[PDB]
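K.L.:
So here's my_file-v7.cif, just mmCIF, C-alpha atoms:
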data_run
loop_
_atom_site.group_PDB
_atom_site.id
_atom_site.type_symbol
_atom_site.label_atom_id
_atom_site.label_comp_id
_atom_site.auth_asym_id
_atom_site.auth_seq_id
_atom_site.Cartn_x
_atom_site.Cartn_y
_atom_site.Cartn_z
ATOM 1 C CA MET X 1 -9.240 3.303 -37.000
ATOM 2 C CA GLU X 2 -12.616 2.594 -35.401
ATOM 3 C CA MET X 3 -13.767 2.172 -31.805
ATOM 4 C CA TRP X 4 -16.456 -0.319 -30.772
ATOM 5 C CA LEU X 5 -18.187 -1.370 -27.561
ATOM 6 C CA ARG X 6 -20.274 -4.522 -27.965
ATOM 7 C CA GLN X 7 -22.526 -6.551 -25.661
ATOM 8 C CA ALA X 8 -23.211 -9.867 -27.440
ATOM 9 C CA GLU X 9 -24.984 -8.847 -30.685
ATOM 10 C CA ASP X 10 -25.744 -5.305 -29.445
ATOM 11 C CA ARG X 11 -22.992 -3.062 -30.811
ATOM 12 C CA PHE X 12 -22.164 0.636 -30.506
ATOM 13 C CA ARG X 13 -19.602 2.549 -32.573
ATOM 14 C CA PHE X 14 -18.269 5.901 -31.390
ATOM 15 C CA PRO X 15 -19.102 8.759 -33.800
ATOM 16 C CA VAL X 16 -16.024 10.937 -33.094
ATOM 17 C CA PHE X 17 -12.641 9.238 -32.667
ATOM 18 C CA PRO X 18 -10.654 10.668 -29.732
ATOM 19 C CA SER X 19 -7.481 12.706 -29.876
ATOM 20 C CA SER X 20 -5.397 10.033 -28.119
ATOM 21 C CA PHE X 21 -5.585 6.749 -26.214
ATOM 22 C CA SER X 22 -3.182 5.044 -23.792
ATOM 23 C CA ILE X 23 -2.985 1.611 -22.141
ATOM 24 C CA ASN X 24 -1.523 1.204 -18.641
ATOM 25 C CA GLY X 25 0.023 -2.009 -17.337
ATOM 26 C CA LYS X 26 1.865 -2.875 -14.140
ATOM 27 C CA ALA X 27 3.413 -5.848 -12.365
ATOM 28 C CA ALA X 28 3.814 -6.525 -8.650
ATOM 29 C CA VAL X 29 7.262 -6.990 -7.108
ATOM 30 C CA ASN X 30 7.794 -8.251 -3.551
ATOM 31 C CA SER X 31 10.810 -6.867 -1.692
ATOM 32 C CA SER X 32 12.690 -8.321 1.267
ATOM 33 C CA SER X 33 15.826 -7.215 3.092
ATOM 34 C CA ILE X 34 18.470 -9.760 4.069
ATOM 35 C CA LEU X 35 21.156 -9.094 6.662
ATOM 36 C CA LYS X 36 24.432 -7.672 5.295
ATOM 37 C CA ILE X 37 23.513 -8.193 1.625
ATOM 38 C CA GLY X 38 20.684 -5.689 1.213
ATOM 39 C CA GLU X 39 17.387 -5.665 -0.670
ATOM 40 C CA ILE X 40 16.131 -8.480 -2.910
ATOM 41 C CA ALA X 41 12.989 -8.780 -5.014
ATOM 42 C CA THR X 42 10.817 -11.455 -6.625
ATOM 43 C CA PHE X 43 8.007 -11.486 -9.173
ATOM 44 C CA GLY X 44 4.513 -11.402 -7.712
ATOM 45 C CA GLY X 45 1.975 -11.284 -10.533
ATOM 46 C CA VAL X 46 0.569 -8.908 -13.146
ATOM 47 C CA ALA X 47 -2.262 -6.410 -12.670
ATOM 48 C CA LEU X 48 -5.255 -5.569 -14.865
ATOM 49 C CA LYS X 49 -4.936 -3.047 -17.678
ATOM 50 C CA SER X 50 -6.860 0.221 -17.675
ATOM 51 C CA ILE X 51 -7.873 2.629 -20.441
ATOM 52 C CA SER X 52 -9.568 6.044 -20.437
ATOM 53 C CA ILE X 53 -11.402 7.746 -23.319
ATOM 54 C CA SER X 54 -12.373 11.404 -23.795
ATOM 55 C CA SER X 55 -14.450 12.724 -26.709
ATOM 56 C CA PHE X 56 -17.927 14.119 -27.378
ATOM 57 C CA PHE X 57 -21.238 12.979 -28.866
ATOM 58 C CA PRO X 58 -22.172 15.395 -31.681
ATOM 59 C CA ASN X 59 -25.603 16.997 -32.024
ATOM 60 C CA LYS X 60 -25.319 17.411 -35.811
ATOM 61 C CA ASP X 61 -23.682 15.793 -38.831
ATOM 62 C CA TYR X 62 -20.145 17.196 -38.819
ATOM 63 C CA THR X 63 -17.570 16.817 -41.570
ATOM 64 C CA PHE X 64 -15.114 15.014 -39.266
ATOM 65 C CA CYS X 65 -17.616 12.419 -38.015
ATOM 66 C CA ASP X 66 -16.742 8.759 -38.503
ATOM 67 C CA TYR X 67 -20.059 7.819 -40.148
ATOM 68 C CA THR X 68 -23.673 8.931 -40.548
ATOM 69 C CA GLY X 69 -26.688 7.574 -38.706
ATOM 70 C CA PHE X 70 -25.568 7.677 -35.086
ATOM 71 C CA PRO X 71 -28.171 8.342 -32.365
ATOM 72 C CA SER X 72 -28.758 11.513 -30.376
ATOM 73 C CA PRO X 73 -26.266 12.468 -27.641
ATOM 74 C CA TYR X 74 -28.547 11.565 -24.750
ATOM 75 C CA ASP X 75 -29.482 8.267 -26.402
ATOM 76 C CA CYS X 76 -25.796 7.310 -26.331
ATOM 77 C CA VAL X 77 -25.539 8.555 -22.750
ATOM 78 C CA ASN X 78 -28.559 6.492 -21.677
ATOM 79 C CA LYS X 79 -27.301 3.323 -23.376
ATOM 80 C CA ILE X 80 -23.840 3.504 -21.798
ATOM 81 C CA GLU X 81 -25.295 4.436 -18.399
ATOM 82 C CA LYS X 82 -27.564 1.388 -18.458
ATOM 83 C CA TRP X 83 -24.580 -0.806 -19.303
ATOM 84 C CA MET X 84 -22.655 0.625 -16.340
ATOM 85 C CA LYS X 85 -25.670 0.225 -14.036
ATOM 86 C CA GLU X 86 -26.184 -3.480 -14.649
ATOM 87 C CA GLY X 87 -22.480 -4.385 -14.545
ATOM 88 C CA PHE X 88 -22.426 -6.056 -17.962
ATOM 89 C CA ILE X 89 -19.237 -7.619 -19.308
ATOM 90 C CA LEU X 90 -18.455 -5.865 -22.588
ATOM 91 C CA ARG X 91 -15.953 -6.231 -25.424
ATOM 92 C CA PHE X 92 -13.831 -3.209 -26.359
ATOM 93 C CA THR X 93 -11.847 -3.093 -29.591
ATOM 94 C CA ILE X 94 -9.798 -0.521 -31.496
ATOM 95 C CA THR X 95 -9.185 -1.584 -35.076
ATOM 96 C CA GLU X 96 -5.656 -1.644 -36.528
ATOM 97 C CA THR X 97 -4.131 -2.193 -33.069
ATOM 98 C CA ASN X 98 -3.695 -5.049 -30.580
ATOM 99 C CA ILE X 99 -6.508 -3.767 -28.325
ATOM 100 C CA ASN X 100 -9.338 -6.322 -28.234
ATOM 101 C CA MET X 101 -10.444 -7.479 -24.798
ATOM 102 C CA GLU X 102 -13.290 -7.897 -22.338
ATOM 103 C CA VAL X 103 -13.793 -4.968 -19.957
ATOM 104 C CA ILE X 104 -16.089 -3.494 -17.312
ATOM 105 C CA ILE X 105 -17.099 0.157 -16.924
ATOM 106 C CA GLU X 106 -15.761 1.963 -13.838
ATOM 107 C CA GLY X 107 -16.824 5.564 -14.445
ATOM 108 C CA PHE X 108 -18.860 7.773 -16.738
ATOM 109 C CA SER X 109 -19.010 11.570 -16.637
ATOM 110 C CA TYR X 110 -20.623 13.906 -19.158
ATOM 111 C CA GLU X 111 -21.104 17.646 -19.501
ATOM 112 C CA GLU X 112 -22.246 20.516 -21.713
ATOM 113 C CA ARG X 113 -20.028 23.584 -21.935
ATOM 114 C CA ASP X 114 -20.880 25.717 -24.998
ATOM 115 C CA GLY X 115 -23.685 26.801 -27.317
ATOM 116 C CA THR X 116 -23.633 23.771 -29.626
ATOM 117 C CA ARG X 117 -25.489 21.204 -27.448
ATOM 118 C CA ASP X 118 -22.644 18.694 -27.829
ATOM 119 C CA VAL X 119 -21.992 16.360 -24.893
ATOM 120 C CA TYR X 120 -18.403 15.795 -23.758
ATOM 121 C CA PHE X 121 -17.694 12.588 -21.853
ATOM 122 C CA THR X 122 -15.007 10.578 -20.077
ATOM 123 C CA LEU X 123 -15.165 6.776 -19.873
ATOM 124 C CA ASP X 124 -13.018 4.555 -17.635
ATOM 125 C CA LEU X 125 -12.672 0.852 -18.452
ATOM 126 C CA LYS X 126 -10.937 -2.022 -16.677
ATOM 127 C CA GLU X 127 -9.804 -5.404 -17.975
ATOM 128 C CA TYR X 128 -11.916 -8.367 -16.861
ATOM 129 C CA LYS X 129 -10.641 -11.866 -16.055
ATOM 130 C CA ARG X 130 -12.876 -14.791 -15.112
ATOM 131 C CA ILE X 131 -11.768 -17.152 -12.347
ATOM 132 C CA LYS X 132 -11.407 -20.860 -13.115
ATOM 133 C CA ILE X 133 -12.673 -23.238 -10.419
ATOM 134 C CA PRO X 134 -11.172 -26.735 -10.835
ATOM 135 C CA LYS X 135 -13.273 -29.875 -10.521
ATOM 136 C CA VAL X 136 -12.750 -33.628 -10.351
ATOM 137 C CA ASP B 250 9.952 -11.926 59.240
ATOM 138 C CA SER B 251 10.309 -13.587 55.823
ATOM 139 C CA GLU B 252 6.636 -13.114 54.909
ATOM 140 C CA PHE B 253 6.640 -9.299 54.934
ATOM 141 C CA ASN B 254 6.701 -7.548 51.558
ATOM 142 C CA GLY B 255 7.390 -3.899 50.780
ATOM 143 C CA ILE B 256 6.992 -1.415 47.949
ATOM 144 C CA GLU B 257 8.220 -2.578 44.535
ATOM 145 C CA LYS B 258 10.299 -0.289 42.310
ATOM 146 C CA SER B 259 11.083 -1.236 38.719
ATOM 147 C CA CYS B 260 12.507 0.022 35.437
ATOM 148 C CA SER B 261 11.900 -0.789 31.765
ATOM 149 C CA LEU B 262 14.983 -0.021 29.684
ATOM 150 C CA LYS B 263 15.830 -0.076 25.976
ATOM 151 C CA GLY B 264 19.334 0.685 24.776
ATOM 152 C CA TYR B 265 22.691 -0.546 23.519
ATOM 153 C CA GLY B 266 24.804 -3.181 25.222
ATOM 154 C CA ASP B 267 26.507 -6.526 24.751
ATOM 155 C CA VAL B 268 25.390 -10.161 24.867
ATOM 156 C CA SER B 269 26.375 -10.306 28.534
ATOM 157 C CA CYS B 270 23.148 -8.633 29.767
ATOM 158 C CA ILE B 271 20.942 -11.658 30.442
ATOM 159 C CA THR B 272 18.457 -12.752 33.084
ATOM 160 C CA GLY B 273 20.002 -13.411 36.485
ATOM 161 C CA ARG B 274 22.744 -10.765 36.506
ATOM 162 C CA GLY B 275 23.113 -7.372 38.164
ATOM 163 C CA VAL B 276 23.426 -4.115 36.234
ATOM 164 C CA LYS B 277 24.061 -0.458 37.075
ATOM 165 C CA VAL B 278 22.011 2.568 35.987
ATOM 166 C CA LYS B 279 23.065 6.168 36.648
ATOM 167 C CA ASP B 280 20.531 8.810 37.653
ATOM 168 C CA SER B 281 20.771 11.942 35.527
ATOM 169 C CA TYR B 282 19.611 14.611 37.985
ATOM 170 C CA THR B 283 21.489 13.542 41.131
ATOM 171 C CA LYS B 284 24.393 11.675 39.450
ATOM 172 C CA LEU B 285 23.692 8.666 41.680
ATOM 173 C CA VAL B 286 24.156 5.032 40.647
ATOM 174 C CA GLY B 287 21.735 2.242 41.510
ATOM 175 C CA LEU B 288 22.008 -1.536 41.325
ATOM 176 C CA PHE B 289 19.330 -3.565 39.533
ATOM 177 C CA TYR B 290 18.694 -7.263 38.903
ATOM 178 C CA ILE B 291 17.692 -8.384 35.411
ATOM 179 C CA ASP B 292 14.368 -10.242 35.299
ATOM 180 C CA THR B 293 13.653 -10.339 31.549
ATOM 181 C CA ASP B 294 15.771 -9.627 28.493
ATOM 182 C CA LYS B 295 15.488 -9.634 24.713
ATOM 183 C CA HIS B 296 18.159 -9.181 22.035
ATOM 184 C CA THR B 297 17.270 -8.481 18.402
ATOM 185 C CA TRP B 298 19.371 -8.291 15.240
ATOM 186 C CA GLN B 299 17.750 -6.803 12.144
ATOM 187 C CA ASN B 300 18.782 -4.552 9.233
ATOM 188 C CA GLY B 301 22.306 -4.215 10.586
ATOM 189 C CA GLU B 302 21.332 -2.864 14.013
ATOM 190 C CA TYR B 303 21.290 -4.470 17.457
ATOM 191 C CA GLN B 304 19.192 -3.382 20.453
ATOM 192 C CA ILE B 305 18.317 -4.745 23.902
ATOM 193 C CA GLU B 306 15.241 -4.528 26.140
ATOM 194 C CA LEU B 307 15.518 -5.246 29.867
ATOM 195 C CA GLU B 308 13.131 -5.511 32.807
ATOM 196 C CA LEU B 309 14.986 -4.384 35.918
ATOM 197 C CA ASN B 310 14.257 -4.764 39.629
ATOM 198 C CA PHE B 311 15.801 -2.241 42.019
ATOM 199 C CA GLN B 312 18.032 -3.478 44.857
ATOM 200 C CA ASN B 313 19.732 -0.470 46.487
ATOM 201 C CA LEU B 314 21.760 2.656 45.831
ATOM 202 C CA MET B 315 25.449 2.041 45.213
ATOM 203 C CA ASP B 316 27.439 3.646 48.005
ATOM 204 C CA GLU B 317 29.641 6.567 47.012
ATOM 205 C CA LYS B 318 33.267 5.385 47.086
ATOM 206 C CA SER B 319 33.178 2.334 49.422
ATOM 207 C CA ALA B 320 30.375 1.580 51.882
ATOM 208 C CA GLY B 321 32.329 -0.479 54.400
ATOM 209 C CA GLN B 322 35.588 0.997 53.079
ATOM 210 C CA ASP B 323 37.413 -2.300 52.683
ATOM 211 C CA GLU B 324 41.111 -1.620 52.992
ATOM 212 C CA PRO B 325 43.790 -4.178 52.030
ATOM 213 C CA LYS B 326 44.965 -5.415 55.435
ATOM 214 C CA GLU B 327 48.766 -5.362 55.252
ATOM 215 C CA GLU B 328 51.529 -5.291 57.823
ATOM 216 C CA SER B 329 53.441 -2.027 58.104
ATOM 217 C CA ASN B 330 56.701 -3.882 57.380
ATOM 218 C CA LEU B 331 56.871 -7.024 55.249
ATOM 219 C CA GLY B 332 59.973 -8.228 57.092
#
Translate the structure of the given file into structure tokens.
P.N.:
Amino acid sequence: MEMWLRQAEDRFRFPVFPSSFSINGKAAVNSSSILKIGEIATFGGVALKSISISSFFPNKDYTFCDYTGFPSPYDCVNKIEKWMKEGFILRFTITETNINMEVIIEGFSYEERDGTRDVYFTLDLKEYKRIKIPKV
Amino acid sequence: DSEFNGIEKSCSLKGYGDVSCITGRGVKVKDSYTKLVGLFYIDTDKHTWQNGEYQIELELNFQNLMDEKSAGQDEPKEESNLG
């Protein structure tokens, strides 16, 4: 499997695939209480999905890397930080699954914690839906 | 003598009762410390039913202290011998 983040024709592919990934979905339920019968509930609408990714940007060509030719760690950091700064609408896809949707970046944290100069990161994404304004 | 007005004494009560406690009727409240009973007139009322519980809220206006036993001591006026 591969992981991509793309802004129009500008595409970025993650060099190290993470250890796991999980998608969260919820729905809203409205509750009322009626005399002498108890609680009742009705459907209220679905919420936006969220996804979080943790991995690192390598500082050298490892054996377990997805491909060869990726940029430096801080080049990746700068590119993603610029995307988060301007509030771009991006497309996030994981191949061989059903995950292919438009998202927006909520958080980005990175750190260095050993002698290898690798940069560990955590990325938070949120599903994006455009509003339709009717006309006549 | 009708135009004079004195000090006003009131009570705001919330508790349990029946549907008979409505505006325009007299009610009795017992004092805890002295064990004395007073008579009040209901000025405002509100009854609510919700979630299987029923409560009342009253606005009371104080009239006077109920006399211990009988104030005028009304006795049933009977002849000593019926016939």
K.L.:
List, as a list in words, every residue that the PyMOL selection byres ((chain X) within 10 of (chain B)) selects in the file provided.
P.N.:
residues 33, 34, 35, 36, 37 and 38 of chain X
K.L.:
Let me know the residues the PyMOL selection byres ((chain B and resi 272-277) around 8) catches in the file above, as a list in words.
P.N.:
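What the PyMOL selection byres ((chain B and resi 272-277) around 8) grabs from the file is residues 270, 271, 278, 279, 286, 287, 288, 289, 290, 291, 292, 293 and 294 of chain B.
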K.L.:
Could those selected residues go to a file with C-alpha atoms, as an mmCIF file, in the coordinates of the input?
P.N.:
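The resulting out-v6.cif:
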data_model
loop_
_atom_site.group_PDB
_atom_site.id
_atom_site.type_symbol
_atom_site.label_atom_id
_atom_site.label_comp_id
_atom_site.auth_asym_id
_atom_site.auth_seq_id
_atom_site.Cartn_x
_atom_site.Cartn_y
_atom_site.Cartn_z
ATOM 1 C CA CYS B 270 23.148 -8.633 29.767
ATOM 2 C CA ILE B 271 20.942 -11.658 30.442
ATOM 3 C CA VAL B 278 22.011 2.568 35.987
ATOM 4 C CA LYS B 279 23.065 6.168 36.648
ATOM 5 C CA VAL B 286 24.156 5.032 40.647
ATOM 6 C CA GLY B 287 21.735 2.242 41.510
ATOM 7 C CA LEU B 288 22.008 -1.536 41.325
ATOM 8 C CA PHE B 289 19.330 -3.565 39.533
ATOM 9 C CA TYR B 290 18.694 -7.263 38.903
ATOM 10 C CA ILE B 291 17.692 -8.384 35.411
ATOM 11 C CA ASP B 292 14.368 -10.242 35.299
ATOM 12 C CA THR B 293 13.653 -10.339 31.549
ATOM 13 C CA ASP B 294 15.771 -9.627 28.493
#
K.L.:
Evaluated on this file, the PyMOL selection byres ((chain X and resi 66-73) around 12) picks out some residues - which ones are they, written as a count of residues only?
P.N.:
39
K.L.:
Please report the interatomic distance between CA of residue 314 (chain B) and CA of residue 261 (chain B) in Å with one decimal.
P.N.:
17.5 Å
K.L.:
If I take CA of residue 306 (chain B) and CA of residue 254 (chain B), how far is one from the other in Å, to one decimal?
P.N.:
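It comes out at 27.0 Å.
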K.L.:
For the atom pair CA of residue 307 (chain B) and CA of residue 280 (chain B), what is the interatomic distance in Å to one decimal place?
P.N.:
16.8 Å
K.L.:
Using all atoms listed in the file, determine which residues lie at most 12 Å from residue 130 (chain X), disregarding the query and same-chain residues fewer than 6 positions distant; provide the list as a ChimeraX atom specification.
P.N.:
/X:48,89,102-104
K.L.:
Please identify all polymer residues within 6 Å of residue 50 (chain X), counting all atoms listed in the file, omitting same-chain residues fewer than 4 positions from it, and present them as a PyMOL selection string.
P.N.:
chain X and resi 24+125-126
K.L.:
For residue 305 (chain B), please output as an mmCIF file with C-alpha atoms, keeping the file's coordinate frame all residues within 6 Å (counting only C-alpha atoms; exclusion window: fewer than 4 positions along the same chain).
P.N.:
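Dumped to selection-v7.cif:
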data_model
loop_
_atom_site.group_PDB
_atom_site.id
_atom_site.type_symbol
_atom_site.label_atom_id
_atom_site.label_comp_id
_atom_site.auth_asym_id
_atom_site.auth_seq_id
_atom_site.Cartn_x
_atom_site.Cartn_y
_atom_site.Cartn_z
ATOM 1 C CA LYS B 263 15.830 -0.076 25.976
ATOM 2 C CA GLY B 264 19.334 0.685 24.776
ATOM 3 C CA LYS B 295 15.488 -9.634 24.713
ATOM 4 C CA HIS B 296 18.159 -9.181 22.035
#
K.L.:
I'd like the neighbourhood of region 7-10 of chain X as a PyMOL selection string, where a residue qualifies if any of its atoms comes within 9 Å (using only C-alpha atoms), though same-chain residues fewer than 3 positions away should be ignored.
P.N.:
chain X and resi 83+88-91
K.L.:
Could you turn the residues from that selection into a file that holds C-alpha atoms, as a PDB file, in the coordinates of the input?
P.N.:
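To be explicit, this is the file written out as again.pdb:
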ATOM      1  CA  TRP X  83     -24.580  -0.806 -19.303  1.00  0.00           C
ATOM      2  CA  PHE X  88     -22.426  -6.056 -17.962  1.00  0.00           C
ATOM      3  CA  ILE X  89     -19.237  -7.619 -19.308  1.00  0.00           C
ATOM      4  CA  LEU X  90     -18.455  -5.865 -22.588  1.00  0.00           C
ATOM      5  CA  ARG X  91     -15.953  -6.231 -25.424  1.00  0.00           C
TER       6      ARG X  91
END
K.L.:
Go through X:128, X:133, X:87, X:19 and flag the residue nearest residue 47 (chain X), using only C-alpha atoms for the distances.
P.N.:
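Comparing X:128, X:133, X:87, X:19 against residue 47 (chain X), the winner is X:128.
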K.L.:
Is it possible to produce a file of region 44-63 of chain X from this structure, with N, CA, C and O atoms, as a CSV table (one decimal), in the first residue's frame?
P.N.:
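Written out: out-v7.csv:
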chain,number,residue,atom,x,y,z
X,44,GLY,N,-30.1,12.2,13.7
X,44,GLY,CA,-29.9,13.6,13.6
X,44,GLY,C,-28.8,14.0,12.6
X,44,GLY,O,-28.6,15.2,12.5
X,45,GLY,N,-28.2,13.1,12.0
X,45,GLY,CA,-27.1,13.5,11.0
X,45,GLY,C,-25.8,12.9,11.3
X,45,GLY,O,-25.5,12.5,12.5
X,46,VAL,N,-24.9,12.8,10.3
X,46,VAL,CA,-23.6,12.1,10.4
X,46,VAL,C,-22.6,13.2,10.6
X,46,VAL,O,-22.7,14.3,10.1
X,47,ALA,N,-21.5,12.8,11.3
X,47,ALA,CA,-20.4,13.8,11.5
X,47,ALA,C,-19.2,13.5,10.5
X,47,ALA,O,-19.3,12.5,9.7
X,48,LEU,N,-18.2,14.3,10.5
X,48,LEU,CA,-17.1,14.2,9.6
X,48,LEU,C,-16.1,13.2,10.1
X,48,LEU,O,-15.8,13.1,11.3
X,49,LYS,N,-15.5,12.4,9.2
X,49,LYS,CA,-14.5,11.4,9.6
X,49,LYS,C,-13.2,12.1,10.0
X,49,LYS,O,-12.9,13.2,9.6
X,50,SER,N,-12.4,11.4,10.8
X,50,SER,CA,-11.0,11.9,11.2
X,50,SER,C,-10.0,10.8,11.1
X,50,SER,O,-10.4,9.6,11.3
X,51,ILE,N,-8.8,11.1,10.9
X,51,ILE,CA,-7.7,10.2,10.7
X,51,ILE,C,-6.4,10.8,11.2
X,51,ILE,O,-6.2,12.0,10.9
X,52,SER,N,-5.6,10.0,11.9
X,52,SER,CA,-4.3,10.4,12.4
X,52,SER,C,-3.2,9.5,12.0
X,52,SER,O,-3.4,8.3,11.9
X,53,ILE,N,-2.0,10.1,11.6
X,53,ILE,CA,-0.9,9.4,11.1
X,53,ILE,C,0.3,9.7,11.9
X,53,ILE,O,0.6,10.8,12.2
X,54,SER,N,1.1,8.6,12.2
X,54,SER,CA,2.4,8.8,12.9
X,54,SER,C,3.4,8.0,12.2
X,54,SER,O,3.3,6.8,12.0
X,55,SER,N,4.6,8.6,11.9
X,55,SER,CA,5.7,8.0,11.2
X,55,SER,C,6.9,8.9,11.3
X,55,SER,O,6.8,9.9,12.2
X,56,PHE,N,7.9,8.7,10.6
X,56,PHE,CA,9.1,9.6,10.5
X,56,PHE,C,9.6,9.8,9.1
X,56,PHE,O,9.3,9.0,8.2
X,57,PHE,N,10.2,10.9,8.9
X,57,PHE,CA,10.9,11.2,7.6
X,57,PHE,C,12.4,10.8,7.7
X,57,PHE,O,13.1,11.5,8.5
X,58,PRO,N,12.8,9.9,7.0
X,58,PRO,CA,14.2,9.4,7.2
X,58,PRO,C,15.3,10.4,6.6
X,58,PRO,O,15.0,11.1,5.7
X,59,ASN,N,16.4,10.3,7.2
X,59,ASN,CA,17.6,11.1,6.8
X,59,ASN,C,18.6,10.4,6.0
X,59,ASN,O,19.6,10.9,5.6
X,60,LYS,N,18.3,9.1,5.6
X,60,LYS,CA,19.1,8.3,4.8
X,60,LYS,C,18.3,7.3,4.1
X,60,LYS,O,17.2,7.0,4.5
X,61,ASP,N,18.9,6.6,3.1
X,61,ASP,CA,18.2,5.6,2.3
X,61,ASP,C,18.2,4.3,3.1
X,61,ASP,O,19.2,3.6,3.0
X,62,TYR,N,17.1,4.0,3.7
X,62,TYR,CA,17.0,2.8,4.5
X,62,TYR,C,16.5,1.6,3.6
X,62,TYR,O,16.0,1.9,2.5
X,63,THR,N,16.6,0.4,4.1
X,63,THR,CA,16.2,-0.8,3.4
X,63,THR,C,14.6,-0.8,3.3
X,63,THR,O,14.1,-1.2,2.3
